[PDB]
Amino acid sequence: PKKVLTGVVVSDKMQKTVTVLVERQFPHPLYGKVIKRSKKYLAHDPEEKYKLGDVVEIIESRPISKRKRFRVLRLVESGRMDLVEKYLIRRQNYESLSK
Amino acid sequence: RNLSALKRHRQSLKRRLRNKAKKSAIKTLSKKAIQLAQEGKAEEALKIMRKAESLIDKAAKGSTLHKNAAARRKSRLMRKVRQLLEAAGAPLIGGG
Amino acid sequence: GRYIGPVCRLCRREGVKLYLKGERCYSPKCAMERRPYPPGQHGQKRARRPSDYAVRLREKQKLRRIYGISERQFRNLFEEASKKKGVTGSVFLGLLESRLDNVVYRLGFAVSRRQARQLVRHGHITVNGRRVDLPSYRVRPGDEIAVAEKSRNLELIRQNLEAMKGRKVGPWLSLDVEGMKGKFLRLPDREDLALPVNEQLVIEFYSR
Amino acid sequence: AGXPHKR
Amino acid sequence: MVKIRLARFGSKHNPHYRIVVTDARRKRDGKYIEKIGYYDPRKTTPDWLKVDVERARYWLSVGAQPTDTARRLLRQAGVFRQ
RNA sequence: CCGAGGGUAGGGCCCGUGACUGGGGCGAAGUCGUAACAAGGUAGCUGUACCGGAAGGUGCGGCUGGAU
RNA sequence: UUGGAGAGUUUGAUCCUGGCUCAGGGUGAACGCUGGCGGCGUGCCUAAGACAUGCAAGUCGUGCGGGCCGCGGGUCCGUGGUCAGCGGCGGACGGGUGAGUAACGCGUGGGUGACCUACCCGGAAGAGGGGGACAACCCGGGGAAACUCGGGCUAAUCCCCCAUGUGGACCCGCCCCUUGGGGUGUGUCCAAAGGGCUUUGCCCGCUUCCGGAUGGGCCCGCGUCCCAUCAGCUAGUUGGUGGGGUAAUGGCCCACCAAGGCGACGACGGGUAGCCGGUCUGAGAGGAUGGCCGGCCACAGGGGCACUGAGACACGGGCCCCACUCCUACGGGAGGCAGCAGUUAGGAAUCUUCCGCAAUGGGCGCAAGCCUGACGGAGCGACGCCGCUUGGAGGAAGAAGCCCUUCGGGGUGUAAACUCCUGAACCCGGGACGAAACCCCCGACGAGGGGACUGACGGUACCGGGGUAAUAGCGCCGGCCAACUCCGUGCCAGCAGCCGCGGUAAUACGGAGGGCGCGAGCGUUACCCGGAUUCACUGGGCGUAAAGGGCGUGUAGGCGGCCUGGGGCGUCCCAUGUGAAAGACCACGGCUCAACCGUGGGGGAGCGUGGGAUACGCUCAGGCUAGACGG
Ligand code: SF4
Ligand SMILES: [Mg+2]
Ligand SMILES: [Mg+2]
Ligand SMILES: [Mg+2]
Ligand SMILES: [Mg+2]
Ligand SMILES: [Mg+2]
Ligand SMILES: [Mg+2]
Ligand SMILES: [Mg+2]
Ligand SMILES: [Mg+2]
Ligand SMILES: [Mg+2]
Ligand SMILES: [Mg+2]
Ligand SMILES: [Mg+2]
Ligand SMILES: [Mg+2]
Ligand SMILES: [Mg+2]
Ligand SMILES: [Mg+2]
Ligand SMILES: [Mg+2]
Ligand SMILES: [Mg+2]
Ligand SMILES: [Mg+2]
Ligand SMILES: [Mg+2]
Ligand SMILES: [Mg+2]
Ligand SMILES: [Mg+2]
Ligand SMILES: [Mg+2]
Ligand SMILES: [Mg+2]
Ligand SMILES: [Mg+2]
Ligand SMILES: [Mg+2]
Ligand SMILES: [Mg+2]
Ligand SMILES: [Mg+2]
Ligand SMILES: [Mg+2]
Ligand SMILES: [Mg+2]
Ligand SMILES: [Mg+2]
Ligand SMILES: [Mg+2]
Ligand SMILES: [Mg+2]
Ligand SMILES: [Mg+2]
Ligand SMILES: [Mg+2]
Ligand SMILES: [Mg+2]
Ligand SMILES: [Mg+2]
Ligand SMILES: [Mg+2]
Ligand SMILES: [Mg+2]
Ligand SMILES: [Mg+2]
Ligand SMILES: [Mg+2]
Ligand SMILES: [Mg+2]
Ligand SMILES: [Mg+2]
Ligand SMILES: [Mg+2]
Ligand SMILES: [Mg+2]
Ligand SMILES: [Mg+2]
Ligand SMILES: [Mg+2]
Ligand SMILES: [Mg+2]
Ligand SMILES: [Mg+2]
Ligand SMILES: [Mg+2]
Ligand SMILES: [Mg+2]
Ligand SMILES: [Mg+2]
Ligand SMILES: [Mg+2]
Ligand SMILES: [Mg+2]
Ligand SMILES: [Mg+2]
Ligand SMILES: [Mg+2]
Ligand SMILES: [Mg+2]
Ligand SMILES: [Mg+2]
Ligand SMILES: [Mg+2]
Ligand SMILES: [Mg+2]
Ligand SMILES: [Mg+2]
Ligand SMILES: [Mg+2]
Ligand SMILES: [Mg+2]
Ligand SMILES: [Mg+2]
Ligand SMILES: [Mg+2]
Ligand SMILES: [Mg+2]
Ligand SMILES: [Mg+2]
Ligand SMILES: [Mg+2]
Ligand SMILES: [Mg+2]
Ligand SMILES: [Mg+2]
Ligand SMILES: [Mg+2]
Ligand SMILES: [Mg+2]
Ligand SMILES: [Mg+2]
Ligand SMILES: [Mg+2]
Ligand SMILES: [Mg+2]
Ligand SMILES: [Mg+2]
Ligand SMILES: [Mg+2]
Ligand SMILES: [Mg+2]
Ligand SMILES: [Mg+2]
Ligand SMILES: [Mg+2]
Ligand SMILES: [Mg+2]
Ligand SMILES: [Mg+2]
Ligand SMILES: [Mg+2]
Ligand SMILES: [Mg+2]
Ligand SMILES: [Mg+2]
Ligand SMILES: [Mg+2]
Ligand SMILES: [Mg+2]
Ligand SMILES: [Mg+2]
Ligand SMILES: [Mg+2]
Ligand SMILES: [Mg+2]
Ligand SMILES: [Mg+2]
Ligand SMILES: [Mg+2]
Ligand SMILES: [Mg+2]
Ligand SMILES: [Mg+2]
Ligand SMILES: [Mg+2]
Ligand SMILES: [Mg+2]
Ligand SMILES: [Mg+2]
Ligand SMILES: [Mg+2]
Ligand SMILES: [Mg+2]
Ligand SMILES: [Mg+2]
Ligand SMILES: [Mg+2]
Ligand SMILES: [Mg+2]
Ligand SMILES: [Mg+2]
Ligand SMILES: [Mg+2]
Ligand SMILES: [Mg+2]
Ligand SMILES: [Mg+2]
Ligand SMILES: [Mg+2]
Ligand SMILES: [Mg+2]
Ligand SMILES: [Mg+2]
Ligand SMILES: [Mg+2]
Ligand SMILES: [Mg+2]
Ligand SMILES: [Mg+2]
Ligand SMILES: [Mg+2]
Ligand SMILES: [Mg+2]
Ligand SMILES: [Mg+2]
Ligand SMILES: [Mg+2]
Ligand SMILES: [Mg+2]
Ligand SMILES: [Mg+2]
Ligand SMILES: [Mg+2]
Ligand SMILES: [Mg+2]
Ligand SMILES: [Mg+2]
Ligand SMILES: [Mg+2]
Ligand SMILES: [Mg+2]
Ligand SMILES: [Mg+2]
Ligand SMILES: [Mg+2]
Ligand SMILES: [Mg+2]
Ligand SMILES: [Mg+2]
Ligand SMILES: [Mg+2]
Ligand SMILES: [Mg+2]
Ligand SMILES: [Mg+2]
Ligand SMILES: [Mg+2]
Ligand SMILES: [Mg+2]
Ligand SMILES: [Mg+2]
Ligand SMILES: [Mg+2]
Ligand SMILES: [Mg+2]
Ligand SMILES: [Mg+2]
Ligand SMILES: [Mg+2]
Ligand SMILES: [Mg+2]
Ligand SMILES: [Mg+2]
Ligand SMILES: [Mg+2]
Ligand SMILES: [Mg+2]
Ligand SMILES: [Mg+2]
Ligand SMILES: [Mg+2]
Ligand SMILES: [Mg+2]
Ligand SMILES: [Mg+2]
Ligand SMILES: [Mg+2]
Ligand SMILES: [Mg+2]
Ligand SMILES: [Mg+2]
Ligand SMILES: [Mg+2]
Ligand SMILES: [Mg+2]
Ligand SMILES: [Mg+2]
Ligand SMILES: [Mg+2]
Ligand SMILES: [Mg+2]
Ligand SMILES: [Mg+2]
Ligand SMILES: [Mg+2]
Ligand SMILES: [Mg+2]
Ligand SMILES: [Mg+2]
Ligand SMILES: [Mg+2]
Ligand SMILES: [Mg+2]
Ligand SMILES: [Mg+2]
Ligand SMILES: [Mg+2]
């Protein structure tokens, strides 16, 4: 089955493309604790109907471009800009990490 | 110091020229037909376009073109002719 | 190969009478009943308290020199018993007894395993009808160990089979003196054999 | 490596 | 073509083959597609040959080609019995 | 048109080596003094600063892991 | 529940902490001393340095035309070969290597409505008429050669047009589906090749199409080393549109437009490394490793490139550049051992310029057969594992020699001698399994019958008969650690893994006697895991032993009170697919055993799917006041 993921939209700034931020949980193989890990997927939005804060599902599909390998499958939630802020604050904290 | 590789090399050249000549014509008549399709010149375009189509599939008989290559090249040829003639007049003859 | 050297010094070191010769083991010529102290210049000095390692080594050399088997074969057998199911002490003993050259001795065909080996080694033995000249052959239940037909008539085997008309043989074994045959009945239990050897002390030697 | 060089 | 042939296992001077289906371009003792039986040419055991026969006919039906000395061990196992 | 690479020019990283120079470690029985361990004969240690053949000394503040 | 040992060394002594060290197992090993046999394994880890010579890929005369040669005659055919040429198919397999690569490369599970597949199998349809070229050959220059140029003849399953259209391909319609999937209608386009017999028919081939099967390509999830003393990286960069390209998706490629893409969950950079099944160790968790065998990837002197083609950007094919070497008649040309042997260089170190296609397997062929350094075997090497020998029984209160002594004696020691028994090697004789198919025969070139030829290993194994008592070495003996005395030496010469020994009575140096341990081996060096609970998940710590940040504030993050309900993500359960073989494990069996090898059994974890459970953790919703904040 084509893999189906769920994540928010952290970028709408491309033509016919949105960035979907999927996260997953798993126990540490050695230290057992359940840890979080996230990953951005460049998803296909050909109708340009999806926007920031939208929690959506993406489906594995044939390549639209380089790097673009998933299609947005369906909306799930909307207006989750609270998650988008978490992403942006982190990327923002990187300026305080240089030298 | 020898082989029938020498022979298989001689043959590769003969088929190289045989393949190149066919693809040359396929490119020539296709542009020729597309050029008329832009002018349209509707009848003359389609009359050429058939000779293109005929030579294309005639290549997929041997090792010159793969079936899906001929199909792909035919698909884009007729696809381009119609949209050019739609900026002009009736197709008159055939191939559509 | 095998030890092949002076054998009464073995008994004098181990502090116990090992029956490695033959008739001489029962005579008053037995070195053990004559000088029951270790060989060499210091054998008559007063033994100092041995260590725990010494005690376990001494048990192992005891059991091993009984069978005249090299340390390689001795431990490969030990390790086989370690893997197999059950109590490792008994199984290691059973597999030691299952050696053909030990059976040929345990059946009285020869008066010493060292002589039973040469019997097997020169082919004078068969198993289930087939000649078998391998002292290490693991005998299974039901195998019929017999003297070679071409070798039935030989002074050493007769004199040995003669003096065997007297003795009895272990519960796990069987013997027909007139036909020079013999049968391995079962795998010996621990109590079916009383060696002067605490097999646990041989286990503990390798657990180090 | 022209032509003379600097190094 | 897909074939049905003998992939020699065993040891030196101790031949033991597996009648097996594999690609003809695969190496002799290489990754086969399915095992359809074994064969001891030296006849050192009561059953030195064995064929599934049901499977040996499936691959046969779909276009597998036996070897010349594999065709025999399927004949001798009655794969061809009409 | 692209193109192996060759060439010109200028950067970055790494390795080897260099007159000489800096301390470091180690080395049975060298030279100088005696700073520390006892209130070690000026309680010691300390951050800093300055000085002195050398340990060290002194100032400012801190600590007791300071005797009585 | 098959599984867990520890010791030496800091002190006058003690407890603790803590490092160092040792006993174990392991190796593609090497080095020393030593060395008898057999089996199965195994053997350039360094210079992916450089290579002399042979060989490692060819085959088909049942596709075609010839030159030569013998065979039956009329220089006419047929024929057998033989040699190149044309034309098929193969050369993309198999074999080597580990340089590169930290990557969708590999592993594991998936996607392809985005795709391909020669020879094979199954079903459907068809093979009808014309024409043409180029080698071989004939003629002419050039050359030491490699060798090639020119002109002219000719056949074919070689090339091309026309016809036929089951079908298939394309554009545009409508239908079902739903990413380019399956239909249908008009227009348009595409097929072929013949040969051999036994001839109103078979056989090998050809052609378009559908399906299967097998082998692939492409894509995605998760996993995959060290350095943050590498912290910012990016212009085809990230997306879009159009187009090119391909079997096919894609910035893979180009034009243009947009300004995006990535990064502390480690981007970028640097270093190292082929990955896996597995292998080694370990109580396990883990650690270390990836040679041999199997799977995948990558490369073929260093690079770039495409051609031919089902498939290569092709190890023993082609083009070009570079470095190197070579022959030369000095004008000019050749080469690519990381194939099998072999040479040289490097190194501590790593093999025969062996035999054979008999077997398995592969290419070609109607078949006979040909080719096959794949492979099957032989050779060298204690490299490793396993099996075997250098004898067995007897034999004195106990020889000689040498060692110790209290001078009485003690030891080596039943050890030897000696007696008898056996009989490694060697000698003779017989002598294999691996090998029954292809083929021919009858039937029907089938099912099924019956028949014949073939073995490198090898006159080997093994069997039978005879037959000689027939190599033993190496380490160690202060404690750890099993084994002690004498002499020599006198902080010397030397030993040493750690603690330590040697200064004139050394169980610690050197020899000797004796003793311990292993045994065709025994030791040493190197390296891996273990002991090391000393990177501590299992399973550690931080007042004074090494270890709390000088102190706040706070970002990300980690964690989070009582009650009720929704979902079901974590988590738990059941079913189901995958988890190749080998290996490991248990059982049985085959080489006389064993190693080795064959047969069968037992499975997990992880991931795909389907079903279920909802306490806990998570999320959503609603309420509370014990935490917290406020008046
Ligand atoms: S038993 Fe007496 S004689 Fe036989 S060996 Fe032991 S000591 Fe020597
Ligand atoms: Mg042109
Ligand atoms: Mg084609
Ligand atoms: Mg073993
Ligand atoms: Mg005899
Ligand atoms: Mg152990
Ligand atoms: Mg052999
Ligand atoms: Mg393959
Ligand atoms: Mg340029
Ligand atoms: Mg360039
Ligand atoms: Mg350049
Ligand atoms: Mg150049
Ligand atoms: Mg520079
Ligand atoms: Mg200096
Ligand atoms: Mg002086
Ligand atoms: Mg003082
Ligand atoms: Mg003073
Ligand atoms: Mg003072
Ligand atoms: Mg002072
Ligand atoms: Mg001060
Ligand atoms: Mg002063
Ligand atoms: Mg002060
Ligand atoms: Mg203060
Ligand atoms: Mg005070
Ligand atoms: Mg231990
Ligand atoms: Mg201790
Ligand atoms: Mg000390
Ligand atoms: Mg101290
Ligand atoms: Mg001391
Ligand atoms: Mg004290
Ligand atoms: Mg004292
Ligand atoms: Mg202590
Ligand atoms: Mg410690
Ligand atoms: Mg300690
Ligand atoms: Mg070790
Ligand atoms: Mg050696
Ligand atoms: Mg072998
Ligand atoms: Mg060998
Ligand atoms: Mg080399
Ligand atoms: Mg290695
Ligand atoms: Mg190498
Ligand atoms: Mg070099
Ligand atoms: Mg060189
Ligand atoms: Mg040859
Ligand atoms: Mg032809
Ligand atoms: Mg020919
Ligand atoms: Mg290969
Ligand atoms: Mg090989
Ligand atoms: Mg090799
Ligand atoms: Mg290999
Ligand atoms: Mg590599
Ligand atoms: Mg890297
Ligand atoms: Mg990196
Ligand atoms: Mg990856
Ligand atoms: Mg994957
Ligand atoms: Mg995969
Ligand atoms: Mg082909
Ligand atoms: Mg065929
Ligand atoms: Mg003609
Ligand atoms: Mg003509
Ligand atoms: Mg010509
Ligand atoms: Mg010339
Ligand atoms: Mg000429
Ligand atoms: Mg011409
Ligand atoms: Mg219609
Ligand atoms: Mg036509
Ligand atoms: Mg035709
Ligand atoms: Mg991919
Ligand atoms: Mg990854
Ligand atoms: Mg596009
Ligand atoms: Mg790009
Ligand atoms: Mg552009
Ligand atoms: Mg722009
Ligand atoms: Mg991440
Ligand atoms: Mg590198
Ligand atoms: Mg390497
Ligand atoms: Mg590498
Ligand atoms: Mg452990
Ligand atoms: Mg284990
Ligand atoms: Mg690894
Ligand atoms: Mg490998
Ligand atoms: Mg090999
Ligand atoms: Mg491999
Ligand atoms: Mg390359
Ligand atoms: Mg090379
Ligand atoms: Mg090259
Ligand atoms: Mg190259
Ligand atoms: Mg082609
Ligand atoms: Mg390649
Ligand atoms: Mg090739
Ligand atoms: Mg090439
Ligand atoms: Mg080569
Ligand atoms: Mg050329
Ligand atoms: Mg000349
Ligand atoms: Mg030249
Ligand atoms: Mg020239
Ligand atoms: Mg030239
Ligand atoms: Mg060249
Ligand atoms: Mg070349
Ligand atoms: Mg070679
Ligand atoms: Mg060599
Ligand atoms: Mg050399
Ligand atoms: Mg050298
Ligand atoms: Mg070899
Ligand atoms: Mg063959
Ligand atoms: Mg095969
Ligand atoms: Mg064959
Ligand atoms: Mg064939
Ligand atoms: Mg040849
Ligand atoms: Mg050969
Ligand atoms: Mg071989
Ligand atoms: Mg060697
Ligand atoms: Mg050997
Ligand atoms: Mg004796
Ligand atoms: Mg006496
Ligand atoms: Mg005596
Ligand atoms: Mg004496
Ligand atoms: Mg005496
Ligand atoms: Mg035979
Ligand atoms: Mg054949
Ligand atoms: Mg007939
Ligand atoms: Mg003979
Ligand atoms: Mg004999
Ligand atoms: Mg005899
Ligand atoms: Mg005799
Ligand atoms: Mg003797
Ligand atoms: Mg030792
Ligand atoms: Mg002592
Ligand atoms: Mg030891
Ligand atoms: Mg001791
Ligand atoms: Mg003196
Ligand atoms: Mg001296
Ligand atoms: Mg010493
Ligand atoms: Mg050591
Ligand atoms: Mg003296
Ligand atoms: Mg002395
Ligand atoms: Mg003294
Ligand atoms: Mg001594
Ligand atoms: Mg010592
Ligand atoms: Mg000594
Ligand atoms: Mg051995
Ligand atoms: Mg060794
Ligand atoms: Mg252990
Ligand atoms: Mg550990
Ligand atoms: Mg260690
Ligand atoms: Mg450590
Ligand atoms: Mg540590
Ligand atoms: Mg812990
Ligand atoms: Mg601790
Ligand atoms: Mg504090
Ligand atoms: Mg600070
Ligand atoms: Mg927070
Ligand atoms: Mg939370
Ligand atoms: Mg809670
Ligand atoms: Mg759930
Ligand atoms: Mg498996
Ligand atoms: Mg079991
Ligand atoms: Mg499992
Ligand atoms: Mg599952
Ligand atoms: Mg589900």
Side-chain angles (χ1 to χ4, degrees), chain A residues 1-3 13-17 25 30-32 34 37-38 60-67 69 89-90 93-94 97-99, chain B residues 4-5 8-9 11-12 15-16 18 50 53-54 57 60-61 63 66-68 70-71 74-75 78-79 82 94-96, chain C residues 1 4 6 8 22 24 31 34 39-44 53-54 57 70-71 111-112 114-115 118 122 131-134 136-138 155-156 207-208, chain D residues 1-3, chain E residues 1-2 5-6 8-12 14-17 23-25 27-28 30-32 38 40-45 61-63 65 68-69 71-72 80:
Chain A
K2 300 191 187 303
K3 195 55 176 294
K13 307 187 172 64
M14 284 182 288
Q15 294 182 329
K16 296 187 179 180
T17 307
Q25 297 186 340
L30 178 60
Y31 303 115
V34 186
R37 288 297 185 268
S38 63
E60 177 187 338
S61 31
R62 73 164 159 80
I64 298 99
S65 63
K66 176 189 195 187
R67 181 140 178 77
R69 302 296 200 277
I89 292 179
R90 170 183 312 271
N93 281 345
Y94 288 175
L97 267 51
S98 67
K99 38 174 83 184
Chain B
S4 60
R8 187 69 87 148
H9 184 244
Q11 295 181 333
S12 54
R15 284 183 285 194
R16 179 181 176 268
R18 186 170 299 114
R50 291 191 303 275
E53 172 187 28
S54 176
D57 302 310
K61 296 168 54 188
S63 294
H66 189 261
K67 304 293 185 168
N68 307 121
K74 292 200 310 194
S75 169
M78 303 178 184
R79 198 174 150 274
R82 264 190 195 259
Chain C
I4 218 183
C8 291
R24 188 181 185 97
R34 185 169 295 190
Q41 161 175 339
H42 308 268
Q44 282 186 348
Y53 175 79
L57 174 59
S70 61
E71 181 69 25
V111 297
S112 70
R114 175 182 279 209
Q115 174 183 331
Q118 172 152 358
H122 285 331
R131 185 189 72 102
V132 172
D133 61 351
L134 281 5
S136 313
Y137 183 103
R138 177 173 300 171
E155 307 93 341
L156 180 137
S207 71
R208 184 180 187 273
Chain E
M1 72 189 75
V2 40
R5 46 182 201 175
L6 276 57
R8 182 187 195 283
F9 287 5
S11 62
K12 180 197 290 191
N14 183 37
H16 281 84
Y17 303 87
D23 196 312
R25 311 187 307 281
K27 50 174 64 177
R28 185 199 70 192
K31 168 177 190 165
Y32 51 70
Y38 61 87
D40 182 345
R42 241 164 25 145
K43 305 165 292 273
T44 64
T45 168
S61 83
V62 201
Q65 292 292 322
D68 279 359
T69 95
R71 189 177 295 264
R72 175 187 101 204
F80 304 160

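Side chains included, hydrogens not; waters and symmetry mates left out as well; all remaining heavy atoms used. Chain letters run A, B, ... following the sequence lines, proteins first, then strands; residues in each count from 1.
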Problem set entry | Strand RNA chain F in bracket notation, Watson-Crick/G-U under 3.5 Å with | for pairs to another chain | ..........................................(((((((((....)))))))))....
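- G:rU504 sits 14 Å from G:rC487 when the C1' atoms are compared, rounded to a whole Å.
- With both pairing distances under 3.5 Å, G:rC591 is matched to nothing as a Watson-Crick or G-U wobble pair.
- The interatomic distance linking A:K66 (NZ) with G:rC218 (P) rounds to 17 Å, in whole Å.
- Between B:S63 and E:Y38, the residue anchored nearer the 5' end of RNA chain G, judged by the nucleotide with its closest heavy atom, is B:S63.
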For this session: Going 5' to 3' through nucleotides 407-412 of chain G, assign each nucleotide B (protein heavy atom under 4.0 Å from a base atom), S (under 4.0 Å only from sugar-phosphate atoms) or - (no protein heavy atom that close).
Result: ---SSS
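- In this structure G:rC104 is not paired with G:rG554, as neither the Watson-Crick nor the G-U wobble definition is met at both distances under 3.5 Å.
- Looking at the side chain of C:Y137, the nearest of the listed nucleotides G:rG318, G:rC593, G:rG263 is G:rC593.
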Exercise. Taking protein heavy atoms under 4.0 Å as touching, what does nucleotides 107-121 of chain G look like 5' to 3' if B marks base contact, S marks sugar-phosphate-only contact and - marks none?
Worked result: ---BSS-B-SSBBBB
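- Pairing check for G:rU53 against G:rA341: the Watson-Crick or wobble criterion is satisfied, both distances under 3.5 Å.
- For the adjacent pair G:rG464 and G:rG465, the base rings count as stacked: centre distance under 5.5 Å, plane angle under 30°.
- By the rule that a glycosidic angle within 90° of 0 means syn, F:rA55 does not qualify and counts as anti.
- Among the nucleotides G:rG434, G:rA23, G:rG243, the one closest to any side-chain atom of E:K43 is G:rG434.
- The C1' atoms of G:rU112 and G:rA248 are separated by 9 Å, rounded to the nearest whole Å.
- Comparing the same atom, P, in G:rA432 and in G:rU468 gives a spacing of 31 Å after rounding to whole Å.
- Out of G:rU414, G:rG90, G:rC170, the shortest distance to the side chain of B:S75 is found at G:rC170.
- Entry note: G:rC44 and G:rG346 meet the pairing test, Watson-Crick or G-U wobble at under 3.5 angstrom for both distances.
- Candidate nucleotides G:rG361, G:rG519, G:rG240 were compared by shortest atom distance to the side chain of E:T69, and G:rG361 ranks first.
- When all heavy atoms are compared, the tightest approach of E:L6 to E:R28 is O-CG, 4.0 Å.
- Straight-line distance between the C1' atoms of G:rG90 and G:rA57: roughly 8 Å, to the nearest whole Å.
- When distances run from any side-chain atom of C:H122 to the nucleotides G:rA581, G:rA436, G:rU422, the shortest one goes to G:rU422.
- Stacking between G:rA5 and G:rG6 is absent, since the six-membered rings do not have centres under 5.5 Å apart together with planes under 30°.
- Nucleotide G:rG98 is matched to G:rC297 when pairs are restricted to Watson-Crick or G-U wobble geometry with both distances under 3.5 angstrom.
- Figure legend. G:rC71 is base-paired to G:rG78; pairs are counted as Watson-Crick or G-U wobble with both atom distances under 3.5 Å.
- Bases G:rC491 and G:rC492 do not qualify as stacked neighbours, criterion being ring centres under 5.5 Å and ring planes under 30°.
- Between G:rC463 and G:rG429 there is a base pair of the Watson-Crick or G-U wobble kind, both donor-acceptor distances falling below 3.5 Å.
- The listed nucleotides are G:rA556, G:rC265, G:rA258; the one nearest the side chain of A:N93 is G:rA556.
- Judged by the 3.5 Å cutoff on both pairing distances, G:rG473 and G:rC518 qualify as a Watson-Crick or G-U wobble pair.
- E:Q65 has its side chain within reach of E:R71: a pair of non-hydrogen atoms, C-beta onward, lies under 4.5 Å apart.
- Residue B:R16 places its side chain closer to G:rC307 than to any other of G:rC307, G:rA424, G:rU414.
- Closest to the E:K12 side chain, of the nucleotides G:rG434, G:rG94, G:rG377, is G:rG377.
- Between G:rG87 and G:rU454 there is no base pair of the Watson-Crick or G-U wobble kind with both of its two distances under 3.5 Å.
- In this structure G:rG552 sits in the anti conformation; its chi angle is more than 90° from 0.
- The gap from the P atom of G:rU62 to that of G:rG78 amounts to 13 Å, rounded to the nearest Å.
- Closest approach to the C:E155 side chain among G:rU422, G:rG361, G:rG413 is made by G:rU422 (side chain taken as heavy atoms from C-beta onward).
- The P atoms of G:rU419 and G:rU389 are separated by 27 Å, rounded to the nearest whole Å.
- Residues G:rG49 and G:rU9 show neither Watson-Crick nor G-U wobble pairing with both defining distances under 3.5 Å.
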